[PDB]
Amino acid sequence: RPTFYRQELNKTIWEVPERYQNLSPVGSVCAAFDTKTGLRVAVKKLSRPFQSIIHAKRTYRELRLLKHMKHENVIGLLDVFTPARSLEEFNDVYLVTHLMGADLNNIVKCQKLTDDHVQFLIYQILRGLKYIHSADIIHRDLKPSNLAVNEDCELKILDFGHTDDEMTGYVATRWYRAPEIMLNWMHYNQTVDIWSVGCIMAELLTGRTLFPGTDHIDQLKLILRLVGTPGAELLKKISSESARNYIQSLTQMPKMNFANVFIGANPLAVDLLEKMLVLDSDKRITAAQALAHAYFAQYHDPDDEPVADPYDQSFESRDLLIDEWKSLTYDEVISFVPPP
Ligand SMILES: CCN(CC)COc1ccc(Nc2ncc3c(n2)N(C)C(=O)N(c2c(Cl)cccc2Cl)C3)cc1
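Residues numbered from 1 in each chain as written, not as in the entry; some residues may be left out. Heavy atoms only, no water. Residues with missing side-chain atoms left out of burial classes, pairs and counts.

Per the deposition metadata, X-ray crystallography was the technique used to determine this entry, at a resolution of 2.10 Å.

On to empty space enclosed by the protein, then. A volume near 50 Å³ is recorded for the largest cavity. If you go around the largest cavity, the residues you meet are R140, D141, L142, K143, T173, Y176, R177, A178, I181, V192 and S196. Considered class by class, the residues forming the lining of the largest cavity number 5 nonpolar, 2 polar and 4 charged. (1 Å grid on protein atoms, 1.4 Å probe; cavity = no way out; pocket = protein on both sides within 12 Å on 5 of 7 lines; lining within 4 Å. Points joined across faces, edges and corners; volume = space filled by probe spheres on them. Nonpolar A, V, L, I, M, F, W, Y, C, P; charged D, E, K, R; others polar.)

You'll often see interface size given as the accessible area lost when the parts meet. Per the domain assignment, the segments of the protein chain are domain 1 (1-101 + 308-337) and domain 2 (102-307). One C-alpha centre belongs to domain 1, the other to domain 2, and the line joining them spans 30 Å. Between domain 1 and domain 2, the contact holds 16 residues from the first and 19 residues from the second. The largest share of the area that domain 1 buries against domain 2 comes from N73, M100 and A308, three residues that together contribute 38% of it. For the interface between domain 1 and domain 2, the tally reads 1 salt bridge. Linking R127 and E72 is a salt bridge whose minimum nitrogen-to-oxygen distance equals 3.3 Å. At the junction of domain 1 and domain 2, the tally comes to 10 residue pairs in polar contact. (Domains from an automatic or database assignment. Contact = heavy atoms within 4.5 Å. Buried area = accessible area lost by both parts, 1.4 Å probe. Salt bridge = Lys/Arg side-chain N within 4 Å of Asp/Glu carboxyl O. Polar contact = N/O pair within 3.5 Å; in protein donor to acceptor, adjacent residues only side chain to side chain.)

Here we come to the site of the ligand. Residues in contact with the ligand amount to 14 residues; listed here are only the nearest, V26, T97, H98, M100 and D159. One of the backbone N or O atoms of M100 is found 2.7 Å from a nitrogen atom in the ligand. Among the secondary structure elements, those contributing two or more residues to the shell around the ligand are β5 (39-45), α1 (53-68) and β7 (94-98). Residues belonging to the shell around the ligand are distributed by class as follows: 8 nonpolar, 3 polar and 3 charged. (Near = heavy atom within 4 Å. Helix = DSSP H or I, 4+ residues; strand = E, 2+ residues; numbered from the N terminus.)

This brings us to the UniProt feature "active site" in the protein chain. Within this structure's numbering, the places UniProt gives as "active site" are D159. Relative to the assigned elements, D159 resides in the loop between β9 (155-157) and α4 (179-182). Ignoring any residue separated from it by four or fewer positions in sequence, one finds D159 in contact with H139, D141, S145 and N146. (UniProt positions renumbered as here; feature names shortened; annotations may be inferred.)

Turning our eyes to something else, we now look at the sheet that holds strand β6 (residues 79-81). The 5 strands lie next to each other as β3-β4-β5-β7-β6, forming an open sheet whose pairing is antiparallel. For this open sheet the edge positions go to β3 (20-25) and β6, each flanked by a neighbour on one side alone. With direction set aside, neighbouring strand axes in the sheet form an average angle of 25°. Strand direction decides the pairing type here: β5 and β7, joined by 5 bridges, are antiparallel. Along β7, the bridge assignment pairs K44 with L95. (Pairing = 2+ DSSP bridges. Axes fitted to C-alpha atoms, helices over the stretch in contact; angles between N-to-C directions.)

So, about the packing of aromatic side chains. Applying the stated criterion across every chain, the model contains 16 aromatic pairs. A ring pair is formed by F4 and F81, whose centres lie 6.1 Å apart and whose planes are at 65°; its orientation type is edge-to-face. By relative accessible area, which is 6% here, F81 ends up buried. With centroids separated by 5.8 Å and ring planes inclined at 20°, the aromatic side chains of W195 and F211 adopt a geometry described as stacked. A residue pair is termed long-range when its members are at least 10 positions apart, and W195 in helix α5 (residues 191-206) and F211 in the loop between α5 and α6 (216-227) qualify at 16 residues. Accessibility assignment for this pair places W195 and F211 in one class, buried. Linked through ring pairs, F4, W14, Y20, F81 and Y94 together constitute an aromatic cluster. The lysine or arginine in question, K326, covers the ring of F50, its NZ or CZ lying 5.0 Å from the ring centre. (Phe/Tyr/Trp six-rings, centres within 6.5 Å; stacked < 30°, edge-to-face > 60°. Buried < 20%, exposed > 50% of the residue type's maximum accessible area, 1.4 Å probe, protein only. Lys NZ or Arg CZ within 6 Å of the ring centre and 35° of its normal.)

Right, dumping it as structure tokens:
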């Protein structure tokens, strides 16, 4: 058990192992320097981790997820600790990850990137996503602000999956969401993430948001105008009779010519975009198939695009008491083993 020291950071008391020095607030979260590894890190102190069933299960969920992800393009766990000496005294949870420079959103917003630049960034997103999906995990909330990238243009996927108010109106919180998930059309798959990737890729190519809807319905119109209104085949997969019914009230529209939308773009980028932005999620290209697309010929290496070990999330189906979620969380904290 290391030695911990106390420090108040904005009306917040932090108690962390001596190895972590020079803590400074960044959002709760502090950047620090881990003298044991020589790594600049981000330290998050969870706010009231076990105040309710929903919160206790959320804490367990986040810890299980982070402990599982071990990939260069996905945020992983460097350390997790509690100053608590036993389960009875257990109340706080601190999570340590690599400190990232800035998110994609804060970096290239309103800016058109070069094609080589787009290839590299999207390739890394797809490499991370192939790893995540292989574990049967769905990000569900990919957006430029959940993608961090350093100077060398190295990228990590962060913040896996929301307040209905924050999804209302002209907001980036909904612009990258697959239509089937935005309007709850059905039980969704992992290709919801691919739709997100297409929205991101287009924005990097044009410097412009692909479907900046002013609300849910305006966004659906922007989408259908580009990809076309649904055909009979997809209509049947929409479990919601009301949703299905609303869809049918719309004037039919054919899919637009993508080369005429992304004018001047690499023809290979245009082709991949058409394969990612397919309305019927059963037909979208998967992350693994995309990595093999000729657009990434310059980066693709089948021997350097690993998959994840199986991820047991049967716990999502369980209804336990706070003390039970708390005890499971504690076990995950003490059984933690740092990466090499
Ligand atoms: C205008 C306000 N400024 C202050 C100057 C804030 O700007 C920042 C603040 C931090 C960073 N880098 C940064 N790298 C890694 C993480 C992270 N922030 N954050 C915030 C987390 O929460 N991380 C995290 C997750 Cl996603 C899961 C579990 C544990 C952690 Cl620590 C990682 C970049 C810009």
